């Protein structure tokens, strides 16, 4: 048994790993590259799609399923396994990616072909392929997210997929992995742990009361898939002590995801499920409003506070959020609250440097509004959690992370007596 990295080698996007064992070929994830690596979605996979026996998707995010339609576009016609939740979220993600994408590397017929071969596989359910046995484990990173357990030829491999941040409340705790001959694991935060969750919420709430009590606007850049709904959840469970104000989920996509959430109840933590049992949707805080079009979105820029605004892109790459910043950063009564990692050299970082001004949408805008970064809202396991999850595993191959972050984790794992390396693109690793 061998595992071949075909994405996320010393980088965080493009996750795709070819599992070779028993004359069978199983692709573990098929994500697109993003940001500065976007063009690479137009390049070859590195393997022959037509020879793939099956595909397992760990979660619906674009950097894990974005190239799936390219796979079908190039011949593949085998099954694609994933949890019901992922299958459902995928439709929303892929349909949107198709529409909202400068240079497309796939057409609408490919998305249809992809969606049509999706087959549900829940946690604890074993898929048989030749002498190979596969199963999903709880990853706690997204509704329906998982890590993969592959056992065959008398050996065991575990592909972590993306591990969640267990301190948070919306998703169930990641399950520990079984003891394995090899663990292919992410190390996004291989270099550090996150600020504790609870104190992150307290701080989040203090910022809201302060800003809303004075009539200002709280701008929150957010990813549409799960981060936005999580903020909504915090607003729900604490709205009782926050000043009344409209909550604008200024993201059609996030709205569609939110709508799907009631059908995914079993994929949330016990806490969330219990809320649903009492007949209530904890992702709909009072005052919630979904802004569907540009006109209402822009109008918000001119309307006075108090108000809470959630918009994308989550990394200020573009989107409606840029317009809210352009018109709201110059007011000291407002507040910009990051709840998701900001890339180095991006607009976020620039703002965090707290310079006199910033250039947004071709204009120099004064930065008077307060700024806050709440890394505790992160959706990935922090360094400490990564070490706990990896505890006792003899061999670890790291993926999904910047080289240095990955090295930082490897060093600690090595000092712990665990064999580790940083996966290299196209280079098979024996299990």
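Residue numbers count along the first chain shown, from 1.
Colleague: If you average the CA temperature factors over each stretch, which comes out higher, 322-330 or 349-357?
Modeller: For C-alpha atoms only, the mean B-factor is higher in 349-357.
Colleague: Do the CA atoms of 99-107 or those of 116-124 have the higher mean B-factor in the entry?
Modeller: It is 99-107 that shows the higher mean C-alpha B-factor.
Colleague: Which listed residue, 243, 285, 187, 144, has the largest C-alpha temperature factor in the record?
Modeller: Answer, based on the entry's C-alpha B-factors: 243.
Colleague: Have a look at 85, 247, 205, 299 and flag the one whose Cα has the highest B-factor in the entry.
Modeller: The record points to 299.
Colleague: What third of its chain, lowest, middle or highest, does the C-alpha temperature factor of residue 199 fall into?
Modeller: Middle third, going by the recorded CA B-factors of the chain.
Colleague: So where's residue 129 on the chain's Cα temperature factor ranking, which third?
Modeller: For residue 129, the deposited C-alpha B-factor lands in the highest third.
Colleague: Sorting the chain's CA B-factors, does residue 376 end up in the lowest, middle or highest third?
Modeller: Within its chain, residue 376 is a lowest-third residue by C-alpha B-factor, going by the deposited values.
Colleague: How does residue 382 rank on Cα B-factor within its chain, lowest, middle or highest third?
Modeller: Lowest third.
Colleague: Quick one: classify residue 294 as lowest, middle or highest third of the chain based on its Cα B-factor.
Modeller: CA B-factor rank for residue 294: middle third.
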